[PDB]
Amino acid sequence: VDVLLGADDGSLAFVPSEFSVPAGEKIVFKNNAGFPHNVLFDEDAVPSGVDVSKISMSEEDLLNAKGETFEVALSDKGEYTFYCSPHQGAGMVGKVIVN
Ligand SMILES: [Cu+]
């Protein structure tokens, strides 16, 4: 499933910013507008047993061009919060439910 980084109107949002996926389904974050963006998962808001380092970009890695992707597949069921490191303070955060 595809999640856009930035809305077409320049909003600092994941599109969609909440969704559910079955365990192990590929999630493709696709750079859209309003760069730079990246994608990390919050170590304080993922299921027990999840290592966010395996499913997160480096803070230093920034997506600066339209169409770049970051793909992950989440095996453990439960709720995950992801965020954009440059824009976390601007509310660029989302939630995926793995079921
Ligand atoms: Cu962002």
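Colleague: What should I look at first to understand the coordination of the copper ion in this one?
Modeller: In a perfect tetrahedron of four donors around a metal, the angles come out at 109.5 degrees. In a perfect octahedron of six, they are 90 or 180 degrees. Within the protein, the atoms that donate to the copper ion are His37 (ND1), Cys84 (SG), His87 (ND1) and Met92 (SD), at distances of 2.0 to 2.6 Å. Of note is the copper ion, whose 4 donor atoms meet at the metal with angles of 91 to 136° in an arrangement that counts as irregular. Summarised as a motif, the one-chain spacing of the donors to the copper ion is H-x46-C-x2-H-x4-M. You can see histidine 37 sitting in the loop between strand 4 (26-31) and strand 5 (40-41) and its partner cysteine 84 sitting in the loop between strand 7 (78-83) and strand 8 (93-98), a full 47 residues away along the chain.

Colleague: What's the story with the UniProt feature "binding site: Cu cation" in the protein chain in this structure? I'm lost.
Modeller: UniProt's feature table lists "binding site: Cu cation" at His37, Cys84, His87 and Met92, given in the numbering used throughout. Taking the farthest pair of C-alpha atoms as the criterion, the annotated set spanning 56 residues converges on one region, since that pair is 9.3 Å apart. In this structure, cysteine 84 is in contact with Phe14, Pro36, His37, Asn38 and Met92, ignoring residues within four places of it in sequence. Relative to the assigned elements, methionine 92 resides in the loop between strand 7 and strand 8. A relative accessible area of 0% places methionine 92 in the buried class. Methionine 92 has contacts with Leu5, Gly6, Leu12, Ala13, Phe14, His37, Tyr83, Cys84 and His87, leaving out every residue within four places of it along the chain.

Colleague: Which parts of the structure should I look at to understand the sheet that holds strand 8?
Modeller: The 4 strands are arranged 3-8-7-5 in an open sheet whose pairing can be described as mixed. In this open sheet, the two strands that pair with only one neighbour each are strand 3 (18-21) and strand 5. Sheet topology places strand 3 next to strand 8; 4 bridges connect them, and they run parallel. Residue pairing for strand 8: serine 20 is matched across the bridge by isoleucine 97.

Parameters and conventions
Summary of conventions: residues on each chain are numbered from 1 in written sequence order, possibly unlike the entry numbering, and any residue without coordinates is omitted from what is shown. Hydrogens and water are ignored here; the side-chain numbers use all heavy atoms of the structure. Atoms are scored as donors when they are N, O or S and lie within 2.8 Å of the metal, with 3.2 Å used for Na, K and Ca; no water is included, so coordination may look incomplete. Between 85 and 135 degrees for all angles marks four donors as tetrahedral; over 155 degrees for opposite donors together with 65 to 115 for all other angles marks four donors as square planar and six as octahedral; every other arrangement is irregular. Put simply, DSSP H or I for four residues or longer makes a helix, DSSP E for two residues or longer makes a strand, and each gets a number counted from the N terminus. UniProt positions are given in the numbering used here, feature names are shortened, and annotations may be inferred rather than shown by experiment. Two residues form a contact once any of their heavy atoms are found within 4.5 Å. Three labels apply to residues, based on accessible area from a 1.4 Å probe with only protein chains included: buried if under 20% of the type maximum, exposed if over 50%, partly exposed otherwise in between. Think of it this way: DSSP has to see at least two bridges between two strands before they count as a pair.

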